[PDB]
Amino acid sequence: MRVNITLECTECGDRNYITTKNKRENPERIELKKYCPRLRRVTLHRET
Amino acid sequence: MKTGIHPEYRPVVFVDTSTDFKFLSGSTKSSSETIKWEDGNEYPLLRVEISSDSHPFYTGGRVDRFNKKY
Amino acid sequence: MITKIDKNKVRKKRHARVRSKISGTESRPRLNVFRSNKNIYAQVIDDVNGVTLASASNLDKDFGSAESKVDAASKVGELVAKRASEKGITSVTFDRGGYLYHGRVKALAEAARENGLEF
Amino acid sequence: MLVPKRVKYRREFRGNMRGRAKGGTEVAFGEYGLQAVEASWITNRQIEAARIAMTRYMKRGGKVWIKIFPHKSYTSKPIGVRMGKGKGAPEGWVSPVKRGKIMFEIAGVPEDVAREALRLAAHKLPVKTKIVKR
Amino acid sequence: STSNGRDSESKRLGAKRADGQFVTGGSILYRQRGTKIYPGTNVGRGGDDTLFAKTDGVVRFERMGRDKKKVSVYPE
Amino acid sequence: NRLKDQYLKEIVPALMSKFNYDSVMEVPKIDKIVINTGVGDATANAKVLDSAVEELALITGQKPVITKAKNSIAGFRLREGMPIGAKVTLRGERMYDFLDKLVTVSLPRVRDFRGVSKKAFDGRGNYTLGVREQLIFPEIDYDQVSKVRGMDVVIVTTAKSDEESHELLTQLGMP
RNA sequence: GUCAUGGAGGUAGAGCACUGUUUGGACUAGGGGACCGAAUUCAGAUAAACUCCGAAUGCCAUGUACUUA
RNA sequence: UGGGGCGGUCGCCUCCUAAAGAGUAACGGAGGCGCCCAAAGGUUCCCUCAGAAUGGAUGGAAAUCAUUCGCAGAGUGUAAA
RNA sequence: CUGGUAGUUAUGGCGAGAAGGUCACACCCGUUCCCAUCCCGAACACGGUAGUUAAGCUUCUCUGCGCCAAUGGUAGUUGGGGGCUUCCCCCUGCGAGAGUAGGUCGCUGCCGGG
Ligand SMILES: [Mg+2]
Ligand SMILES: [Mg+2]
Ligand SMILES: [Mg+2]
Ligand SMILES: [Mg+2]
Ligand SMILES: [Mg+2]
Ligand SMILES: [Mg+2]
Ligand SMILES: [Mg+2]
Ligand SMILES: [Mg+2]
Ligand SMILES: [Mg+2]
Ligand SMILES: [Mg+2]
Ligand SMILES: [Mg+2]
Ligand SMILES: [Mg+2]
Ligand SMILES: [Mg+2]
Ligand SMILES: [Zn+2]
């Protein structure tokens, strides 16, 4: 169930952040609005 | 009274077959009538059964079973 | 038999909850507000010394003209702002007082803000 | 035979018996008591033997109060076991008695039978005692 | 034949600076679990409940209401 | 406000004369009606709770709030937070409207009522009245209603003791 | 090293205000056509893993005090 | 390793031993861990528990209501402090 | 005199009894508007003052509960010395807990009305 996941920026394509989720309660790819160091602004990140 | 969640509500007129006391009251059933009693609140009349002034303890079908004997 | 709740007691409880974060220092005094059924009051307070600096009220000599009970709040707010500004007070922290920042309190705060007071 | 119904912990330290008794050094319920003059451990079997020997003499007359109880427990090792490998299994229950404690009570009988019953009980205990009056 | 025999290494709690001792900003004054001592003036509480000075000064362990204590730092 | 008129016109100074209250506002006044259906039997049944919901909604006119379970006990096959019972709170004009519709219309059709014990109170100024079926109220008919649950109707009175609450209920209507 | 001043810390002792262990008396919920017996109270005990309290020492500092390396 | 073998243990967290700063051993006395949560995190606003008695009761020792008393006798994802 | 707002370990609290007022403060009336209920104008929010001191609030009296609290004595104990060493005794310094004499129905600061 519990697994490691990595978050990738939808514009740059850089895998910036890592985190974990529960695979049963969250079968879909999670999405979050984090801060992207390359662009130096906030973008949208998706699980790979 | 939050809008939408609540059902319908409106005062009506309650009448008994024994006392005929049209006593204005609120309810959720329209009873599908229109009476002019209590002018300004001409709410629909609601037919009813034995009331306060109809019951022995309160104040003071089976007909067929008298058709055969009598 | 039911014991009716005491509005002022719970109001003071909420005021004490608010006051845990708001402190009236000498450079940045505290703007306390009290609201009744008839009228509203305001006081500028410092906590390091425990003394008030400016005040205004609906029942004061000024602000004689009145309207619905939000215009009295605006008037008392602008009068207290003018009195504080005339004494050199510019930066304050708004002490809500355990009320909600919605009605009379909000109008008083905006009236104070539009004058020379950085709330 | 007095044994506690429950204990929070099975194994206990042995403790010490320094100083006078914390409390209970005056006779309260009855009119005659058996007061320890020195300190010792008292198992539950000794209490049972003393109580039996003291009640039989009065012929089920009067009342008797037991002022001590065996809260503590002690362990032991069998013959032929080396040292170590944990603590031993508990064996019995003891009541650490300090000096000055009054630990038996008599009421409802005259001078002579009470004194003789206390004397008979005092020979079953491993501690020097004396008989006191309220 | 023993089910016991295990423990956890000590965490060295207690007080690290004495009352009346001059203190440098940002230094730990008390390591502790929960809140046995509350943070007073010019002092804050860490993530794991340690108390650290925020400005240079002199340590003083005052008393709050009846059954609890606090520590403060006063500049020179 | 016909029942408001009946209460205010003659009940208030009758009470004032009877008990010689020092002021005008020691008079007990009806304050709250609370309804609890007690549908805890529906451990797994989902239509029973819902059916109680529309039953209460029709009888009162306000949306009933489902109540959760305070604790979790295996003796009655329940866990934490299970939806148990209903909750409706009338207040204001609904006091007198519901009291009218009950004591004058719905109550008299009960089978063999001959009064309730004056000691069947809480002893401190309130009253809980029980009904053994849902057909006593004229608004809910027989065809729609499937089962009957004996619910609880409470009377909240500002009376400082019990005797004046009892006599106040008598003066307004049935004890 | 001593003296004066300020602190953190709950051991010895003691105590029953919490948690365990526990004695005698009164009454009793509950079951019983009187008998066991939950909870309340009175009086009396007990505790390394109990605490409404709580020392002597030791410890950390301050001093401009007096000696000493 | 109170000779060695058989038995048990080997890393981390909490309490007692531990002698009122910190530290402190024994094949000494008791327990847990090798996770979980997309809200069980952040912020703003609001409020307060266990239990007992009385009445309706389908429904009893115990479900859901109403009043009174009630400083925590509850809760704090999980072992203890 | 009263309203608002702070400091101080309840000597400030709990409980009991009396008095007061529409100057203030509340109860109170209402839900058109802003706003709100896992339902309910109860609360919150808004608009008003016919009635009230019944309660909130203020003042006054007490020792019933609670709380604070000596002096003397005692346990314990650093240093030194003795015994018949489950432990005990003597000299000097420190010195409790419990119990009690006694104290308490608060004391202070600022602003606005009378
Ligand atoms: Mg540890
Ligand atoms: Mg944190
Ligand atoms: Mg963390
Ligand atoms: Mg001890
Ligand atoms: Mg030490
Ligand atoms: Mg230590
Ligand atoms: Mg070890
Ligand atoms: Mg293990
Ligand atoms: Mg006047
Ligand atoms: Mg409207
Ligand atoms: Mg105190
Ligand atoms: Mg003394
Ligand atoms: Mg003392
Ligand atoms: Zn990017």
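Parameters and conventions
Residues numbered from 1 in each chain as written, not as in the entry; some residues may be left out. Chains lettered and ligands numbered in written order. Part of a larger assembly, values for the part shown. Heavy atoms only, no water. Residues with missing side-chain atoms left out of burial classes, pairs and counts. Helix = DSSP H or I, 4+ residues; strand = E, 2+ residues; numbered from the N terminus. Contact = heavy atoms within 4.5 Å. UniProt positions renumbered as here; feature names shortened; annotations may be inferred. Pairing = 2+ DSSP bridges. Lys NZ or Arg CZ within 6 Å of the ring centre and 35° of its normal. Axes fitted to C-alpha atoms, helices over the stretch in contact; angles between N-to-C directions. Left-handed = near helix turned anticlockwise from the far one by under 90°. Expected span 1.5 Å × (residues − 1). Bend = angle between axes of the 7 residues up to and from the residue. Polar contact = N/O pair within 3.5 Å; in protein donor to acceptor, adjacent residues only side chain to side chain. Salt bridge = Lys/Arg side-chain N within 4 Å of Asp/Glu carboxyl O.

Regarding how it was determined, this PDB entry cites cryo-EM in its header, along with a resolution of 3.1 Å.

Colleague: Sorry if this is basic, but what is going on with the overall build of chain A here?
Modeller: Counting its secondary structure elements, chain A contains 0 helices and 6 strands. Scanning chain A from its N terminus toward the C terminus, one meets helices and strands in the order β-β-β-β-β-β. Put simply, 33% of the contacts in chain A that link residues at least 6 apart link residues at least 24 apart.

Colleague: So what exactly am I meant to see when it comes to the UniProt feature "binding site: Zn(2+)" (unreviewed entry) in chain A here?
Modeller: All names here are of chain A. UniProt tags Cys9, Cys12 and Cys36 as "binding site: Zn(2+)" (unreviewed entry). Over a stretch of 28 residues, the named residues converge on one spot in the fold, their C-alpha atoms separated by at most 8.7 Å. Within the secondary structure, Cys12 is located in the loop between β1 (2–9) and β2 (15–22). The contacts of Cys12, once residues within four sequence positions are left out, are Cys36, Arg38 and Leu39. By secondary structure assignment, the location of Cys36 is in strand β4 (residues 35–36). If near-sequence neighbours (up to four positions away) are discounted, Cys36 is found in contact with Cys9, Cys12, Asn16, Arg41, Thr43 and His45.

Colleague: What is the right way to look at the sheet that holds strand β8 (residues 69–74) of chain E in this model?
Modeller: Sheets are built from strands paired through backbone hydrogen bonds, the pairs being either parallel or antiparallel. Residue and element names in this part refer to chain E. Sheet architecture is open: 4 strands sit in the order β2-β7-β8-β4, paired in mixed fashion. What marks the edges here is a single partner per strand, and that holds for β2 (22–23) and β4 (37–39). The pairing of strand β7 (residues 57–63) with β8 spans 6 bridges and is classified as antiparallel. Note that in β8 the partner of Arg63 across the bridge is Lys69.

Colleague: Sorry if this is basic, but what is going on with the arrangement of the chains here?
Modeller: The structure contains 3 pairs of chains in contact, of which chains B and F account for the largest number of contacts. At the C-alpha level, the nearest point of chain B lies 20 Å from chain C, with no contact between them. At no point do chain D and chain F touch; the closest pair of C-alpha atoms across them sits 27 Å apart.

Colleague: I tried to follow the packing of aromatic side chains on my own but got confused; where do I start?
Modeller: The relative placement of two aromatic rings is captured by the distance of their centres and the angle of their planes. Here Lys34(A) stacks its cationic end above the ring of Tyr17(A), 5.2 Å away from the centre of that ring. Over the ring of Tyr9(B) we find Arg94(F), and its NZ or CZ is 4.3 Å from the ring centre.

Colleague: Mind showing me how you'd approach the packing of helix α2 (residues 71–86) of chain C against helix α3 (residues 104–114) of chain C here?
Modeller: For any two helices packed against each other, the geometry comes down to the angle between their axes and how far apart the axes lie. All names here are of chain C. For the pair α2 and α3, the least separation of the axes is 7 Å and the interaxial angle reads 35°. Crossing of α2 over α3 shows right-handed handedness. Of the residues in α3, those touching α2 at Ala73, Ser74, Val76, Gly77, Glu78 and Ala81 are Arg104, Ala107, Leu108, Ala111, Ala112 and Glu114.

Colleague: Could you clarify how one ought to interpret unusual backbone geometry in this entry?
Modeller: Trans is the common state for peptide bonds, and a negative phi is the common state for residues other than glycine. With a phi close to 55°, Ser32(B) is a non-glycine residue in the positive phi region. Inspection of the secondary structure assignment puts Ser32(B) in the loop between β2 (23–27) and β3 (45–47). Its identity as a non-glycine residue notwithstanding, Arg77(F) has a phi of 35°, on the positive side. Positionally, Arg77(F) belongs in the loop between α2 (47–60) and β2 (88–90).

Colleague: What exactly am I supposed to notice about helix α1 (residues 2–19) of chain F here?
Modeller: One full turn of an α-helix is made of 3.6 residues, so residues set three or four places apart face in the same direction. Residues and elements named next belong to chain F. Compared with the 26 Å implied by 1.5 Å per residue over 18 residues, the 25 Å span of α1 between its first and last C-alpha is a close match. The sharpest bend along α1 reaches about 40° and sits at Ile11, with the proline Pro13 one to four residues further on. Two residues or fewer past α1, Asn20 is found with a positive phi of approximately 55°.

Colleague: Mind showing me how you'd approach the environment of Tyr41(C) here?
Modeller: Residue and element names in this part refer to chain C. Relative to the helices and strands, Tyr41 is located in strand β2 (residues 40–46). Placed 64 residues apart in sequence, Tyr41 and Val105 show a C-alpha to C-alpha distance of 9.9 Å. Within the structure, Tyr41 has its side chain in polar contact with the side chain of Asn39 (distance 3.0 Å).

Colleague: Looking at this structure, I do not really get the pattern of salt bridges. What am I missing?
Modeller: For side chains bearing opposite charge, pairing can occur when the charged atoms are close. A salt bridge links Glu47(A) to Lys21(A); the nearest nitrogen and oxygen atoms lie 2.5 Å apart. Of this pair, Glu47(A) sits in strand β6 (residues 45–47) while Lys21(A) sits in strand β2, placing them 26 residues apart in sequence. Note that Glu31(A) is salt-bridged to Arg46(A), the shortest N-O span being 2.7 Å. One end of the pair, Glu31(A), is in strand β3 (residues 31–32); the other, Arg46(A), is in strand β6, with 15 residues separating them in the sequence. Several salt bridges share partner residues, and in doing so they unite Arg19(C), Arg30(C) and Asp47(C) into one network.

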